[PDB]
$ cat model_12.csv   # CSV, C-alpha atoms
chain,number,residue,atom,x,y,z
A,1,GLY,CA,11.0,9.3,23.0
A,2,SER,CA,14.6,8.6,22.0
A,3,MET,CA,15.4,5.5,20.0
A,4,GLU,CA,11.7,4.6,19.7
A,5,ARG,CA,11.3,0.8,19.0
A,6,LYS,CA,8.1,-1.0,18.1
A,7,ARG,CA,7.2,-4.4,19.4
A,8,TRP,CA,4.6,-6.6,17.7
A,9,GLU,CA,4.0,-10.3,18.6
A,10,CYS,CA,4.0,-12.9,15.8
A,11,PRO,CA,1.2,-15.6,16.3
A,12,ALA,CA,2.8,-17.6,13.5
A,13,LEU,CA,5.7,-18.4,15.8
A,14,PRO,CA,5.3,-20.4,19.1
A,15,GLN,CA,4.1,-18.5,22.1
A,16,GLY,CA,7.2,-16.7,23.5
A,17,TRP,CA,8.6,-15.2,20.3
A,18,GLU,CA,8.2,-11.5,19.6
A,19,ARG,CA,9.2,-9.0,16.8
A,20,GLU,CA,10.6,-5.5,16.9
A,21,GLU,CA,11.1,-2.7,14.4
A,22,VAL,CA,14.0,-0.2,14.7
A,23,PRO,CA,14.4,2.9,12.4
A,24,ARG,CA,17.9,3.6,11.2
A,25,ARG,CA,19.4,7.1,11.4
A,26,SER,CA,23.0,6.9,10.2
A,27,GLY,CA,23.7,9.3,7.4
A,28,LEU,CA,22.3,7.7,4.2
A,29,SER,CA,21.6,4.6,6.2
A,30,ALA,CA,18.8,6.6,7.8
A,31,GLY,CA,15.1,5.9,7.0
A,32,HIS,CA,15.9,2.2,6.6
A,33,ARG,CA,14.0,0.1,9.1
A,34,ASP,CA,15.5,-3.2,10.4
A,35,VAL,CA,13.3,-5.9,12.1
A,36,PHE,CA,14.8,-8.1,14.8
A,37,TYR,CA,13.2,-11.2,16.3
A,38,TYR,CA,13.6,-12.6,19.8
A,39,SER,CA,13.0,-16.2,21.0
A,40,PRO,CA,11.9,-17.5,24.5
A,41,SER,CA,15.6,-17.6,25.6
A,42,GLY,CA,16.0,-13.9,24.5
A,43,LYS,CA,18.1,-15.0,21.5
A,44,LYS,CA,18.4,-12.1,19.0
A,45,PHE,CA,18.4,-13.2,15.4
A,46,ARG,CA,17.7,-11.5,12.0
A,47,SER,CA,17.5,-14.2,9.3
A,48,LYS,CA,14.5,-15.7,7.5
A,49,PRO,CA,16.2,-19.1,7.1
A,50,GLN,CA,17.1,-19.2,10.8
A,51,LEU,CA,13.4,-18.8,11.7
A,52,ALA,CA,12.4,-21.7,9.5
A,53,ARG,CA,15.5,-23.9,10.4
A,54,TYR,CA,15.0,-23.2,14.1
A,55,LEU,CA,11.2,-23.7,14.2
A,56,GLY,CA,11.4,-25.9,11.1
A,57,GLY,CA,10.6,-29.2,12.9
A,58,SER,CA,8.4,-27.3,15.3
A,59,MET,CA,6.5,-26.0,12.2
A,60,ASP,CA,6.9,-24.7,8.7
A,61,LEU,CA,7.6,-21.0,8.3
A,62,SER,CA,8.7,-21.0,4.6
A,63,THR,CA,5.5,-19.0,3.9
A,64,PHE,CA,6.2,-16.6,6.8
A,65,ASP,CA,6.8,-13.0,5.9
A,66,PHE,CA,10.0,-11.8,7.6
A,67,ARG,CA,9.7,-8.2,6.3
A,68,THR,CA,6.1,-7.9,7.6
A,69,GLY,CA,6.4,-10.7,10.2
A,70,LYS,CA,3.1,-12.2,9.1
A,71,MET,CA,2.0,-15.7,7.8
A,72,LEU,CA,0.8,-15.7,4.2

$ encode --input "model_12.csv" --output "structure tokens"
Amino acid sequence: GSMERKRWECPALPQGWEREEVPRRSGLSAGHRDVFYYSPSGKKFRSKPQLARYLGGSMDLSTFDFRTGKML
């Protein structure tokens, strides 16, 4: 497949959120993998602080792993 993208759900976040991994392929910027998160409204965001600030009141994600998308 072209532009293959992964899609793993993150139980740490409220039902409706999902995670996705995309492999870069731009000259030296290749090999690098970027992770994007999507909310129930389909909002695309890529920032740890935004995940905690957004779901802050809903819950604490300070101990959430953004690189691995896992709760530790």

$ residues_around --input "model_12.csv" --residues "segment 41-54 of chain A" --least-positions-apart "6" --cutoff "10 Å" --atoms "all atoms listed in the file" --output "number ranges by chain"
A: 13, 16-19, 34-35, 60-67, 69

$ atom_distance --input "model_12.csv" --atom1 "atom CA of residue 1 of chain A" --atom2 "atom CA of residue 68 of chain A"
23.6 Å

$ closest_residue --input "model_12.csv" --among "A:29, A:72, A:36, A:57" --to "residue 6 of chain A" --atoms "only C-alpha atoms"
A:36

$ atom_distance --input "model_12.csv" --atom1 "atom CA of residue 40 of chain A" --atom2 "atom CA of residue 14 of chain A"
9.0 Å

$ atom_distance --input "model_12.csv" --atom1 "atom CA of residue 7 of chain A" --atom2 "atom CA of residue 28 of chain A"
24.6 Å

$ closest_residue --input "model_12.csv" --among "A:22, A:30, A:71, A:55" --to "residue 4 of chain A" --atoms "only C-alpha atoms"
A:22

$ closest_residue --input "model_12.csv" --among "A:37, A:15, A:24, A:32" --to "residue 3 of chain A" --atoms "all atoms listed in the file"
A:24

$ decode --input "model_12.csv" --residues "chain A" --atoms "C-alpha atoms" --output "mmCIF file, in the first residue's frame"
data_model
loop_
_atom_site.group_PDB
_atom_site.id
_atom_site.type_symbol
_atom_site.label_atom_id
_atom_site.label_comp_id
_atom_site.auth_asym_id
_atom_site.auth_seq_id
_atom_site.Cartn_x
_atom_site.Cartn_y
_atom_site.Cartn_z
ATOM 1 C CA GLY A 1 0.000 0.000 0.000
ATOM 2 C CA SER A 2 0.924 3.609 -0.669
ATOM 3 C CA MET A 3 1.233 6.061 2.246
ATOM 4 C CA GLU A 4 0.588 3.266 4.769
ATOM 5 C CA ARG A 5 -0.710 4.700 8.065
ATOM 6 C CA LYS A 6 -1.221 2.822 11.354
ATOM 7 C CA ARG A 7 -4.228 3.381 13.645
ATOM 8 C CA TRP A 8 -4.165 2.305 17.311
ATOM 9 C CA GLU A 9 -6.833 3.311 19.857
ATOM 10 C CA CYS A 10 -5.715 4.835 23.180
ATOM 11 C CA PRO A 11 -7.769 3.547 26.153
ATOM 12 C CA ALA A 12 -6.154 6.250 28.322
ATOM 13 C CA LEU A 13 -8.251 8.853 26.467
ATOM 14 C CA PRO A 14 -12.085 8.948 26.565
ATOM 15 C CA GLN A 15 -13.871 6.603 24.129
ATOM 16 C CA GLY A 16 -13.837 8.365 20.738
ATOM 17 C CA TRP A 17 -10.143 9.329 20.584
ATOM 18 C CA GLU A 18 -7.698 7.449 18.327
ATOM 19 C CA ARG A 19 -3.973 7.537 17.477
ATOM 20 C CA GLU A 20 -2.184 7.166 14.120
ATOM 21 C CA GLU A 21 1.473 6.775 13.079
ATOM 22 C CA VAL A 22 2.804 8.111 9.755
ATOM 23 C CA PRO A 23 6.310 7.371 8.387
ATOM 24 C CA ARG A 24 8.144 10.369 6.879
ATOM 25 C CA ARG A 25 9.901 10.033 3.500
ATOM 26 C CA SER A 26 11.260 13.497 2.627
ATOM 27 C CA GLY A 27 15.003 13.378 1.859
ATOM 28 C CA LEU A 28 16.745 13.313 5.261
ATOM 29 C CA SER A 29 13.330 13.861 6.889
ATOM 30 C CA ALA A 30 12.689 10.213 5.953
ATOM 31 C CA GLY A 31 12.561 7.347 8.479
ATOM 32 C CA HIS A 32 11.208 9.779 11.098
ATOM 33 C CA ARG A 33 7.723 8.734 12.269
ATOM 34 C CA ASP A 34 5.148 11.328 13.384
ATOM 35 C CA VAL A 35 2.132 10.449 15.560
ATOM 36 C CA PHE A 36 -1.174 12.325 15.166
ATOM 37 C CA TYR A 37 -4.195 12.119 17.498
ATOM 38 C CA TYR A 38 -7.867 12.672 16.598
ATOM 39 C CA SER A 39 -10.761 13.599 18.916
ATOM 40 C CA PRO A 40 -14.482 12.694 18.659
ATOM 41 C CA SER A 41 -15.069 15.792 16.495
ATOM 42 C CA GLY A 42 -12.236 14.710 14.169
ATOM 43 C CA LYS A 43 -9.911 17.451 15.469
ATOM 44 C CA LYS A 44 -6.312 16.748 14.392
ATOM 45 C CA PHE A 45 -3.726 17.795 17.004
ATOM 46 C CA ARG A 46 -0.109 16.812 17.748
ATOM 47 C CA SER A 47 0.898 18.215 21.158
ATOM 48 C CA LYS A 48 1.252 16.519 24.564
ATOM 49 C CA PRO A 49 0.141 19.642 26.494
ATOM 50 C CA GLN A 50 -2.968 19.974 24.295
ATOM 51 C CA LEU A 51 -3.982 16.405 25.214
ATOM 52 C CA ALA A 52 -3.717 17.130 28.958
ATOM 53 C CA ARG A 53 -5.114 20.680 28.731
ATOM 54 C CA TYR A 54 -8.050 19.488 26.593
ATOM 55 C CA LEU A 55 -8.781 16.352 28.651
ATOM 56 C CA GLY A 56 -7.231 17.956 31.754
ATOM 57 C CA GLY A 57 -10.506 18.467 33.656
ATOM 58 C CA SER A 58 -11.896 15.279 32.069
ATOM 59 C CA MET A 59 -8.844 13.463 33.483
ATOM 60 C CA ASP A 60 -5.083 13.744 34.100
ATOM 61 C CA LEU A 61 -2.834 12.757 31.170
ATOM 62 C CA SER A 62 0.434 14.186 32.543
ATOM 63 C CA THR A 63 1.642 10.577 32.899
ATOM 64 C CA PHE A 64 0.437 9.768 29.364
ATOM 65 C CA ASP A 65 3.121 8.711 26.857
ATOM 66 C CA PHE A 66 2.648 10.770 23.673
ATOM 67 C CA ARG A 67 5.495 9.087 21.758
ATOM 68 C CA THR A 68 4.063 5.631 22.543
ATOM 69 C CA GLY A 69 0.479 6.784 23.207
ATOM 70 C CA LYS A 70 0.315 4.673 26.388
ATOM 71 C CA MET A 71 -0.476 5.475 30.039
ATOM 72 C CA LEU A 72 2.468 4.933 32.415
#
